Amino acid sequence: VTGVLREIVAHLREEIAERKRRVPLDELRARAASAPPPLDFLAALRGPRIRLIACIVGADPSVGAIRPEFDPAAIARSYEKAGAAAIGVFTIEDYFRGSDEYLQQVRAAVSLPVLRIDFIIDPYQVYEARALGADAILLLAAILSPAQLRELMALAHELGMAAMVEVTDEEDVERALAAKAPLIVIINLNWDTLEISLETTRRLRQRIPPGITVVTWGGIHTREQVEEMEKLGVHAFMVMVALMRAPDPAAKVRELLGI
Amino acid sequence: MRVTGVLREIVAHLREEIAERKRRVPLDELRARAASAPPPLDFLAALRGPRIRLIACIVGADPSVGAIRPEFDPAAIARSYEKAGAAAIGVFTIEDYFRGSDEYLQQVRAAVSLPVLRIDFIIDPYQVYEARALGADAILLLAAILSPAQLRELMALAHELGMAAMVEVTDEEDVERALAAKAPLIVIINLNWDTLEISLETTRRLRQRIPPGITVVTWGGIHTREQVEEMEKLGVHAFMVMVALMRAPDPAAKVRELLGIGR
């Protein structure tokens, strides 16, 4: 953690302390115990052919200027019809009020496993994701200490959720291999230059032994790329930017799955 | 489809925010605000040197929302960039999703004597008067998104207010649009919009299509002295840096390193 991400962390700490005040762990521990019971995310992620995780940003970039209001429930449903193996919801709760409600509306609308994409630095946030209906969380191996990585993985496992461990480089990969993570996502982003490139998963995928399920995220927008990743042993891919920019996102899901 | 999905949603939010701002601050009030401000400095002149010039860019927002102790202070950051040798300061304002992003541009403007470029998303003449009332000496115009009439209308409004208008180009079609509009100042954006992939290939591929006499800026994926020297060798007159300055431990030393100078 250093730079703009350091400034984000600083804000996250404030927000988390404020939330703990209003809803202490004990109250949230109970809430999570009574949420929709967790589906098996990792299982959805491995069949004969590479699987699609379709990601929704939990926020209306139009901020209400589009009428008929932003409706992620209907969006997720159309992704599910189009063959998506799982839905991802990028929540931005620390910067927008109702973001987490969008995660709940998606959870109610689909039968697929739901991955919550946010920035987890505290055990209290794993409980929050469970209480909102998530079946999986993300963990940033470049950010967390090797102790917190294992503690957060184990607590997710304790609550019934899968934890996908993000890696960006060779040093992140060894840390995830050290924490014995059975589920890794390669983020195709140079964290220094903010350069997106498929070359990251191409170089790094081979440093992950067979047995661990590999997911790839970033720079995928053609069916050619999807077949290339499937040739690489990659069991699933996440798409977010390609969907947000398609004139018909569900049609892009079908194109990416070759349907 | 050029304007689809998320970009359509942003523009739609902009259109609505501009209409609301217009009703609270009408054109004749804002025109007098612009006319009241100290006059814009010459931004084009700051970019014509014998060496390539650095436009050092600051984001006009606090991602910590106040949690960072010592509070975010862009005035002092801009002063450090000026001291280190920048030719101009760019301020990225996000006034359509954060409230007082424009107050940071005013803080920067009071703090330096360099020309100040306002980096934001201009689609309406109202926003050109706004940038001038906030102290801007230059604006950006995205040629790929404006109609030819709109592009020419916004360039002429900027000129009539004494500001420079930097026309952004992303590909060969954009360049021809800019040259057809007789733009004196063009910035090549080093970004494949399709993938959100950043690369200097764009500037290399498009620089020869722009005749001498037109001032060329390059923006995106610049972070080493060798890249700066290569662009200078291409006759590029200025470069914008934002990302590399924020990741830098000492941002003022990085400015000096990109210019190849000491103190």
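Residues numbered from 1 in each chain as written, not as in the entry; some residues may be left out. Chains lettered and ligands numbered in written order. Heavy atoms only, no water. Residues with missing side-chain atoms left out of burial classes, pairs and counts.

Looking at the method and resolution fields of the entry, one finds X-ray crystallography and 2.100 Å.

Take the overall build of chain A next. Within chain A, the secondary structure is distributed over 12 helices and 8 strands. Relative to the globule expectation of 18 Å for 259 residues, the C-alpha radius of gyration of chain A, 18 Å, shows essentially globular dimensions. A fraction of 68% describes how many contacts in chain A between residues 6 or more apart in sequence connect residues 24 or more apart. (Helix = DSSP H or I, 4+ residues; strand = E, 2+ residues; numbered from the N terminus. Rg over C-alpha atoms; globule rule 2.2 N^0.38 Å. Contact = heavy atoms within 4.5 Å.)

Each helix and strand counted, chain B has 12 helices and 10 strands in total. Against the 2.2 N^0.38 benchmark of 18 Å for 263 residues, chain B shows a C-alpha radius of gyration of 18 Å, consistent with a compact globule. By principal-axis analysis of the C-alpha atoms, chain B measures approximately 50 × 45 × 35 Å. Contacts in chain B between residues far apart in sequence, at least 24 positions, make up 66% of those at least 6 positions apart.

The interface of chain A with chain B comprises 29 residues on the first partner and 26 residues on the second. Contributing elements (two or more residues each) for the side of chain A that touches chain B: α1 (4–22) and α11 (241–244) of chain A. Counting residues per element, the side of chain A that touches chain B draws most heavily on α1 of chain A, which supplies 7 residues. Considering only residue class, the side of chain A that touches chain B consists of 15 nonpolar, 6 polar and 8 charged. (Nonpolar A, V, L, I, M, F, W, Y, C, P; charged D, E, K, R; others polar.)

Right, let's talk about the packing of helix α4 (residues 72–81) of chain A against helix α5 (residues 99–109) of chain A for a bit. All names here are of chain A. As a packed pair, α4 and α5 sit with axes 8 Å apart at the nearest point and diverge in direction by 40°. As summarised for this structure, α4 and α5 are arranged oblique, according to the angle between their axes. Crossing handedness for the pair α4 and α5: right-handed. Along the contact surface, α4 presents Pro72, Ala73, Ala76, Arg77 and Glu80, while α5 presents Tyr102, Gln105, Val106 and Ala109. The residue inventory of the contact of α4 with α5, partitioned by class, reads 6 nonpolar, 1 polar and 2 charged. (Axes fitted to C-alpha atoms, helices over the stretch in contact; angles between N-to-C directions. Parallel < 35°, antiparallel > 145°, perpendicular 65-115°, else oblique. Left-handed = near helix turned anticlockwise from the far one by under 90°.)

What follows deals with the environment of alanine 74 of chain A. Counting through the fold element by element, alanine 74 of chain A comes out in helix α4. Distance in space between the C-alpha atoms of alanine 74 of chain A and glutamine 105 of chain A is 9.3 Å, their sequence separation being 31 residues.

All names here are of chain B. Burial analysis of strand β4 (residues 138–142) places 5 of its 5 residues in the buried class, the great majority of the element. The two faces of β4 match: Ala138, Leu140 and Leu142 on one face and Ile139 and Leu141 on the other face are all buried. Bridge analysis of strand β3 (residues 116–119) against β4 gives 2 bridges, and the strand direction is parallel. By the bridge assignment, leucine 117 is partnered in β4 with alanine 138. Since β3 and β4 lie parallel, the crossover through helix α6 (residues 125–133) that links them has a hand, and here it is right-handed. Remark: the β4/helix α7 (residues 148–160)/strand β5 (residues 164–169) crossover connection has right-handed handedness. (Buried < 20%, exposed > 50% of the residue type's maximum accessible area, 1.4 Å probe, protein only. Pairing = 2+ DSSP bridges. Right-handed = clockwise from strand over helix to strand, strands pointing away.)

What follows is about the sheet that holds strand β2 (residues 88–93) of chain B. Residue and element names in this part refer to chain B. Here 8 strands make up a closed barrel; going around it, the order is β1-β2-β3-β4-β5-β6-β9-β10 and the pairing parallel. Ignoring strand direction, the axes of neighbouring strands in this sheet form an average angle of 30°. Two elements, β2 and β3, share 4 bridges in a ladder whose sense is parallel. Across the sheet, residue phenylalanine 92 finds its bridge partner in β3, namely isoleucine 119. Relative to strand β1 (residues 53–60), helix α4 (residues 74–84) is tilted by about 170°, and along the sheet it contacts β1 and β2.

Now for the packing of aromatic side chains. Residues and elements named next belong to chain A. Tallied over the entire structure, the rule returns 3 aromatic pairs over all chains. Relative to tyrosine 102, the ring of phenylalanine 96 has its centre 6.3 Å away and its plane inclined at 45°; by these criteria the two rings are tilted. On the basis of relative accessibility, which here comes to 32%, the residue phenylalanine 96 falls in the partly exposed class. Owing to a relative accessible area of 15%, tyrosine 102 belongs among the buried residues under this scheme. (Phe/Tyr/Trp six-rings, centres within 6.5 Å; stacked < 30°, edge-to-face > 60°.)

Attention now moves to the environment of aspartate 102 of chain B. Residue and element names in this part refer to chain B. Within the secondary structure, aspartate 102 sits in helix α5 (residues 101–111). Spatially, the C-alpha atoms of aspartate 102 and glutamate 71 are 17 Å apart, while their sequence positions differ by 31 residues. Apart from the residues lying within four places of it in its own chain, the contact partners of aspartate 102 are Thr93, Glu95, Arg118 and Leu134.

A few words on the nonpolar core. Counting residues in each nonpolar core, the largest one holds 73 residues, and the members touching the most others are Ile89, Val128, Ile139, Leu141 and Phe239 of chain B. Filtering out sequence-adjacent residues up to four positions away, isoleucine 89 of chain B remains in contact with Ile55, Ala56, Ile58, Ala78, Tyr81, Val108, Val112, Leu114, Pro115, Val116 and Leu117 of chain B. Core analysis: the second largest hydrophobic core is formed by 68 residues, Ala32, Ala76, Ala84 and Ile143 of chain A among them. (Core = buried A, V, L, I, M, F, W, Y, C linked by side-chain atoms within 4.5 Å.)

So, on to the pattern of salt bridges. All names here are of chain A. Inspection of every chain in the model, using the stated rule, returns 25 salt bridges over all chains. Where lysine 20 meets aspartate 122, a salt bridge forms, and the shortest distance between an N and an O atom there is 2.9 Å. With a gap of 102 residues between them, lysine 20 in helix α1 and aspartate 122 in the loop between β3 (114–117) and α6 (123–132) connect regions that are remote in the sequence. Taking the relative accessible area as the measure of exposure, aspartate 122 reaches 12% and is therefore buried. As a salt-bridge pair, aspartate 118 and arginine 116 come within 3.5 Å of each other at their nearest N and O atoms. In this structure, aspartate 118 and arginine 116 share a single accessibility class: buried. (Salt bridge = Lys/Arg side-chain N within 4 Å of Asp/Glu carboxyl O.)

Moving on to the packing of helix α2 (residues 27–36) of chain B against α6 of chain B. Residues and elements named next belong to chain B. Between α2 and α6, the least distance of the axes is 8 Å, while the angle of their chain directions is 35°. Like other packed secondary-structure pairs, α2 and α6 cross with a definite hand, here left-handed. Every residue of α6 that contacts α2 at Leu27, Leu30, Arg31, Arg33 and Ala34 is listed here: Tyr126, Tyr129, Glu130, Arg132 and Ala133. Residue composition of the contact of α2 with α6, grouped by class: 6 nonpolar, no polar and 4 charged.

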